[PDB]
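Remarks on the structure that follows.
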Amino acid sequence: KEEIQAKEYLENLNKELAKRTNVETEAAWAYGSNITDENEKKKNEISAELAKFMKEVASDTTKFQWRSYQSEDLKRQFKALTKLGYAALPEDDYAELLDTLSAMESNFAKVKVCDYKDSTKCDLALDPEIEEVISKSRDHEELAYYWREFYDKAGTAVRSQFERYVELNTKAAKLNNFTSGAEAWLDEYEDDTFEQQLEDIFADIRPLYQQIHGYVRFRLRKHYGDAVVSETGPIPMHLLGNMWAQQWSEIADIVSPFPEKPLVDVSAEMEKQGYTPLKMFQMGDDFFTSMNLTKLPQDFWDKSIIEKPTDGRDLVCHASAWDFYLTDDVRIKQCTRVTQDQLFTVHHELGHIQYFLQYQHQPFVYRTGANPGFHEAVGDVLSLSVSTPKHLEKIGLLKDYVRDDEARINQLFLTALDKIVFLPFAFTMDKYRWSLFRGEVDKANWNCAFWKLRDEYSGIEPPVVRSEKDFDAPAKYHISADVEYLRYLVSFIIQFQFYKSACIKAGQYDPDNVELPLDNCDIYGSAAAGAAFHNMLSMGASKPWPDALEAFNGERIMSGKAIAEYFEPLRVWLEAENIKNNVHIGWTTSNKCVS
Ligand SMILES: *[C@@H]1O[C@H](CO)[C@@H](O[C@@H]2O[C@H](CO)[C@@H](O[C@@H]3O[C@H](CO[C@H]4O[C@H](CO)[C@@H](O)[C@H](O)[C@@H]4O)[C@@H](O)[C@H](O[C@H]4O[C@H](CO[C@@H]5O[C@H](CO)[C@@H](O)[C@H](O)[C@@H]5O)[C@@H](O)[C@H](O)[C@@H]4O)[C@@H]3O)[C@H](O)[C@H]2NC(C)=O)[C@H](O)[C@H]1NC(C)=O
Ligand SMILES: *[C@@H]1O[C@H](CO)[C@@H](O)[C@H](O)[C@H]1NC(C)=O
Ligand SMILES: *[C@@H]1O[C@H](CO)[C@@H](O)[C@H](O)[C@H]1NC(C)=O
Ligand SMILES: [Zn+2]
C-alpha cells in the first residue's frame, strides 16, 4: 500500500538531488579549472550544504518501510539514499575533511620544480614539463633528480594532512557502520567475495607480468649498464618512462622484442599532419557516432577545457570527465597534448562522457556506473581499437607498416607494457590505502609500507634511498585527490571482456581465423558493437553490475579469461625468449626504504 506514495517520494527526491548536485558540481568545476582561495571556499561551502541535506534524506528514509517492499527497484533506490558516505560526519568534522581534501589536491596541482640544468628556472610543472623529461630522457641522473624533486613536493609535503584525512575517512565509514573506508569503497561492487575474486584473477596473470618484468630488466641492463640496473634486484622505477612506473610504453623504443622491425609511435605523424586537441576530440566523437552511439552535445564544445590555459593560473591538469546532472551538460577538462598516448586519453575520457549521456534519463541515484570499473572501461575498449595497426593505417597515422610475425610481437609487447604492467600497480594503490584505513599499519611504518607493496607486487623501487622521513604515496594524483583506484584494476580486466565480445559482434575476431586476430580488431563503424554498449550503458546503476555485463554479452562473471586470450601469443613467444636468453625472473627484497 505504502509503495505507491514511496514511488512518488522517490521521483521528486531524485530530481531534487540532481538539481542540488548540479550546483555542487559547478563549484567543483570552477575550482579545478581555476584554483584560488575564493573558489576553494565556494566549493567546500556548497558541499557542506548538500551534506546537510543528505543527512535529512537518510533520516527521512526511516519513515518508509522500504525493506518490506515488493518492488526490487524501489528498494534499490531507497538503499542508495541511506548511504551517506562522508555526509554522515558531524558538521564540523565534514568541514575539516573538505578543508584537508582541498589542501592535498591543491598542493598536488601547484607543484613546481627547478630545471635540472638551470637552478634559476623554477616553474616546471608535472604536466607538461616534468612528464616530458620522465618520458623522453635517458639520462638516469636527470631522471632521478626529477623523481626526487617531485615526490618531495607532491608526497612528503602533505603527510600531516593525509594523516588527518585517514582519521576522518575512518570516522565517516564507521558512522555508516562499515569497518573502515576500505569496506565503504568495496560496497560499490556489491559482492562480498570481490577482493578474493581479484586475488584469484591477479594470481593467474602474475606469471606473465613476471616474464615481462624480467625481459624489460634484461633490456634496461644493456642500455644503462649493470651499475644502474642489477640482474637480481627490483627495477629502479625512474627508468620506466613514467613518474609512478604505472605503464612502461614510453621506453618501448629501448625494450622492444624486435628493434629492427616497426614499433607503432604515431606522435610524430600527428604533429606532421597538424593535429590539434580540437581535432583529437572531434575524432573521438567520430568514433562513438560511427558505432551508432551518441554525438557530443553543444554544451560539451562550449564549456569543455581541452588545452592548458595560457594565463598564470593554477589548475588541476589531471584529465577528467564531468556530469552536471541536467540534460546534455557534460564536460571534459584535459590539458591535451598531441601524442599517441594523449589520443588514447581523449578516448578514455570520452568514454565517461558517453556513459553520462547514455544514462541521463535514469533517476538520479542510477546516474552512475554499474560499478566504478565499468565507467573506467568504456573509453579503453575504443582505445584498444584505436591502438591497432588496422585503425591507425585507416586514419593515415601509420605509414609503410608490414604486419609480419615480428611486428605483431612488438605491438603485443607495446600493449602489454600498458595493460599487464598496470595490473600490480593498480592493485597496490588500494591495497596500501585499505591497510591504512583498516588500521593495519602503525603510523611509524606508513612510508615503507607503501614501498614494500610496490616491491612485492611490481618489483620496482625508488631511484634513491627513502625512509619514514619521506611520504611518497600522495605523489600519485588519485592518492592526493581521494579517488578510489580499484576501479582501474577492475577496468583493465573487464575491458578485455568488453573488447573480445564487441570484436566478435563486429565480425572482427574469430579464434580460428588467422586473418582476424584479437590484437588487430577495429570496432570503428560497428553498429552491432555500439548496440551492446547502448544496452549496457543505458542501464546506469539501475541493476547490480552482473546484470549490466549480461546485457552486453550474456555473461555475469568478472573473468581474466579474455585478457589472457589477448596476450596468449605474447606469452608463448616471451616464455621462449626468456629461456633462450637465460633471463633472470623475480627479484630480491628492495633496500630503498630504511626503517
Ligand atoms: C549503525 O548501527 C547502530 C547500532 O550499532 C545504529 O544505531 C541504532 O539505531 C537504532 C534505530 O534503528 C536505534 O534504535 C532505537 O532505540 C531507541 C532507544 O535507544 C536509546 O537507548 C539506548 C540504550 O538502550 C541508547 O544506546 C541509544 O543511544 C538511545 O538513547 C528506541 O526508542 C527506538 O524505538 C523506537 O523506534 C522503533 C522503530 O523500529 C521499527 O518501528 C516500526 C514502527 O513503524 C515497526 O513496524 C518495525 O518493526 C520496527 O520495530 C519502534 O519499534 C519503537 O516503537 C520506538 O518508536 C529504536 O529502537 C538505536 O538506539 C541506535 N543505537 C544503538 C546503540 O543501538 C545506527 O542506526 C546504524 N547506522 C546506520 C547508518 O545504519
Ligand atoms: C579565477 O578566479 C578568480 C577569483 O577566484 C576570478 O576573479 C578569475 O576571473 C578567475 N580566472 C579565470 C581565468 O577564470
Ligand atoms: C542505431 O540505433 C537505433 C536506436 O538507437 C537502432 O534502432 C538502429 O538499429 C541502429 N542502427 C543500426 C544500423 O543498427
Ligand atoms: Zn577515467
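In a shell of Cβ-Cβ distance under 14 Å around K561, excluding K561 itself, what net charge do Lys and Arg (+1) and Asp and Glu (-1) give?
Numbers: positive: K500, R556, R571; negative: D200, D204, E555, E565, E568.
That sum, taken over residues with Cβ under 14 Å, equals -2.
Going down the list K121/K333; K110/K431; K261/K419; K279/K333; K121/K476; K110/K279, which pairs span over 18 Å between their C-alpha atoms?
Going by Cα-Cα distance, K121/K333; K110/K431; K261/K419; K121/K476; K110/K279 fall outside the 18 Å limit.
Hey, got the dipole for the chain? About the Cα centre, +1 on K and R Cβ, -1 on D and E Cβ, debye to the nearest 20?
With only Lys, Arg, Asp and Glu charged at Cβ, the dipole is about 240 debye.
Rounding to the nearest 20 debye, state how big the charge dipole of the range 146-196 is about its Cα centre with +1 on each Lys and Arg Cβ and -1 on each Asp and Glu Cβ. All intermediate terms of the calculation are to be shown ahead of the outcome.
On the way: 6 positive and 11 negative charges, 112 e Å.
Using only the charged Cβ atoms, the result is roughly 540 debye.
Identify the trypsin sites (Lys or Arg not before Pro) of the range 522-595 meeting these criteria: DSSP loop state and at most 16 other C-beta atoms within 10 Å of the C-beta.
For trypsin sites (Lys or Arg not before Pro) across the range 522-595 that sit outside H, G, I, E and B with at most 16 neighbouring Cβ atoms in 10 Å, the list reads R556.
If you bin the C-alpha pair distances of the range 1-73 every 10 Å from 0, what whole percents do you get?
17, 37, 24, 15, 7, 0
Taking loop as defined by DSSP and a crowding limit of 10 other beta carbons within 10 Å, which GluC sites (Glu not before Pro) in the range 215-284 fit?
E260
Can you tell me the Rg and Dmax of the range 294-445, counting just the alpha carbons, in angstroms?
Reported Rg and Dmax, both Å: 19.1, 57.
How big is the shadow of the Cα convex hull of the chain, averaged over all directions, in nm²?
26.5
Tell me the trypsin sites (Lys or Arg not before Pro) within the range 95-183 that lie in a loop according to DSSP and have at most 12 other beta-carbon atoms within 10 Å. Let's see the in-between values first.
Numbers: sites: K110, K112, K117, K121, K136, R138, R148, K153, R159, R164, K171, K174; in loops: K117, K121, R138.
Passing both the DSSP loop test and the Cβ count: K117, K121.
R0 = 25 Å: FRET efficiency of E183 with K79, Cβ-based, nearest 0.05?
Once the sixth-power term is evaluated, E becomes 0.95.
Summing -39500 (n - 2.57) over the DSSP H runs of n ≥ 4 in the chain and dividing by its residue number, what mean residue ellipticity at 222 nm do you reach, to the nearest 500 deg cm²/dmol?
About -18000 deg cm²/dmol.
Suppose we keep just the DSSP beta bridges with both residues in the chain; what percent of those would be antiparallel, to 5?
If we restrict to bridges inside the chain, about 55 percent are antiparallel.
In which sequence would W451, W434 go, from the one with the fewest C-beta neighbours within 10 Å to the one with the most?
Ordered by Cβ neighbours within 10 Å, fewest first: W434, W451.
Quick one: order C335, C503 by neighbouring beta-carbon count within 10 Å, fewest to most.
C335, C503
Hey, got the dipole for the range 124-220? About the Cα centre, +1 on K and R Cβ, -1 on D and E Cβ, debye to the nearest 20?
480
List the DSSP H helices in the chain whose Cα atoms stretch 18 Å or more along the helix axis and whose mean Kyte-Doolittle hydropathy is at least -1.0. Could you put the intermediate results ahead of the total?
Values: long enough: 3-33 (44 Å, -0.91); 37-61 (36 Å, -1.23); 91-110 (28 Å, -0.52); 140-154 (21 Å, -1.35); 159-175 (24 Å, -0.91); 194-224 (41 Å, -0.74); 277-290 (20 Å, -0.14); 340-359 (30 Å, -0.43); 372-386 (23 Å, 0.71); 405-419 (21 Å, -0.29); 422-437 (23 Å, 0.33); 486-505 (28 Å, 0.73); 561-580 (28 Å, -0.23).
What comes out of the filter, once short or polar helices are dropped, is 3-33, 91-110, 159-175, 194-224, 277-290, 340-359, 372-386, 405-419, 422-437, 486-505, 561-580.
Every number in this text was worked out from the coordinates using simple rules, so none of it is lab data. Don't worry about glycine lacking a Cβ; one is built from the backbone with ideal geometry, like all the others, and counts go over all protein chains shown.
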